[PDB]
Structures are given as C-alpha cells and as structure tokens.
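[1] Below is the sequence, then the experimental coordinates.
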Amino acid sequence: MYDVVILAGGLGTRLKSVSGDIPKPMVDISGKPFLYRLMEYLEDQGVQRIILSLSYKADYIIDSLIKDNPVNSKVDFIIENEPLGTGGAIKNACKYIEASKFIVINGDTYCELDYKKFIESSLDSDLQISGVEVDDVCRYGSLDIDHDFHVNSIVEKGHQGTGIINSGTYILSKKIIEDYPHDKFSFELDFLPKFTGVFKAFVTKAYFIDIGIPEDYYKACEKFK
C-alpha cells in the first residue's frame, strides 16, 4: 500500500457562484469536516502514511488535526507558501516519498474506491487515473479513453449523458514528475498533454462525491447522518 498525498491547496473557497472562507476540505459533513471523513476511509483501506499538501489556511487545518486526529495513519504536513498548482504540489511532495510510486487524491473529492485493486491495475503503467462510471456525467469533468482504457484526453465538464468521471485520483511513478522543469504548473492542463508514457484508467462504479457540487454536498450530509 502506497503513501497518499492529499491536495488541499488551490481548491478555492466557493460553492458555485458563492464565495466562502472555509477551506473546502474543512466543510462540515454531519458533525465532521469533509477531510476527516476522507482520511477515515483511507485508514479503513489500509493507508499507513498521509501527506497533506496545504496552501490556503494551512494552520487552521493543522490546528484542527492536532485537536482531533480522526486517524492513526502517519500524517505529514507540507505548507505551500505560494500557489504551486496541482502539478507543482505533486512535484514538491515527491521529496518525501521514498518508494518509486505513490497515490494522489484531491481533497474536495470523496470516493469509496477499492485501493488494493487500483494499485494492482497500475502495475503495468507509470500513470493510472481512477474513473467512475455514471449515467449522467453532466456536472463532472470526464475521461475520453479507448478500448484498452488508454487515456486519450481529460474532458471538461458540460457534456451530458453516460460517461466516466475524472475523479482526480492517480497512482504515479515519481520519476515522471520529480524533475519537471517548472515548479509551478497544473497537472491536468500542463503536465498531462506533454506526458508520453503509459497512461491508463482504472474504471469502477464506486460511490463518488465532489463537494464543490451543491447536489453532492447535500448528498454527503444526508449519507453521513
């Protein structure tokens, strides 16, 4: 089981048009912050080490975890003092991973994935993304993949109908991004169009919610009581 990096920076504070002040990962979900429920699930899956990449209000979040540690998994913090982007944050996290591969997850996403099966589908790739099959992919970014599940492109939200949600969860070999020439960049908009290695999707029908979507936010609160 790999180390997990959770990207909690650069997620902004809005809900649609409405701008907020609470770091999206700390939104209360029926008695517990969203980030805590995510970490509890990871611990249940066997995660032994979590790396929290933080930008906006890192201290508030740190203070929180000290006060209440929802998990016994090893937890490390990384305060980004300038916006590195999603790619820059992953590159920056590489220094702390000693193994050759690790997991990245967005901190405003909750997906009840089978991580042991995810790790196994990734053995013959240098980059693997988790995709979630749904009936209506309308509200979500989606994946355009071929009949061998090679990822051809990451598709912006807006397309209606059946589809595979871009979960933002990856398994990657550190070597592909560790020495990326830029310190600040977007993983999906800057890195992926350049990446020439084997890039496949692990596709499931896992429970998935994105807390930046109002309907999933209500769903989550109801789910958890």
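    Great, that's in hand. Numbering: from 1, shown residues only.

[2] any idea how far the longest helix seen in the chain is from the chain center?
    Secondary structure of the chain per DSSP state H: the longest helix is helix 34-45. Averaging C-alpha positions (C-alpha atoms, centre = their mean, to the nearest Å) puts helix 34-45 12 Å from its chain's average.

[3] Tell me which residues touch the closest residue to residue 45 other than its chain neighbours, please.
    Computed as C-beta to C-beta, 6 or more residues apart in numbering, the closest residue to residue 45 that is not its neighbour in sequence is residue 115, at 4.6 Å. The way it works is simple: take the backbone N, C-alpha and C, and place the C-beta from them, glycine included. Applying C-beta atoms under 8 Å, 6 or more residues apart in numbering to residue 115 gives the contacts 1, 42, 45, 46, 47, 103.

[4] Most neighbours out of these, which is it?
    residue 103 (26 neighbours; other C-beta atoms under 10 Å).

[5] Looks like it contacts residue 169 (just checking).
    Yes - with contact defined as C-beta atoms under 8 Å, residue 103 reaches residue 169; the gap is 7.2 Å.

[6] part of a strand, is residue 88?
    No - judged by DSSP: H, G, I helix; E, B strand; the rest coil, residue 88 forms no part of a strand; its state is helix.

[7] what's the residue of the chain most remote from its centre in contact with, if anything?
    In the chain, the residue that sits farthest from the middle, by C-alpha atoms, centre = their mean, is residue 147; the gap is 24.8 Å. Residues counted as contacts of residue 147 (C-beta under 8 Å, 6+ apart): none.

[8] Does it lie in a helix or a strand, and which?
    Residue 147 belongs to no helix or strand when assigned by DSSP states H and E.

[9] how near is it to residue 201?
    Residue 147 sits 12 Å away from residue 201, going by C-beta to C-beta, to the nearest Å.

[10] repeat for residue 186
    Counting by C-beta to C-beta, the separation of residue 186 from residue 201 is 19 Å.

[11] Those two - which one has more neighbours?
    The neighbour count for residue 186 versus residue 201, taken as other C-beta under 10 Å, is higher for residue 201 (23 against 15).

[12] What segments of this structure are helices?
    Going by DSSP H, the chain shows helices at 34-45, 58-67, 85-93, 115-121, 214-223.
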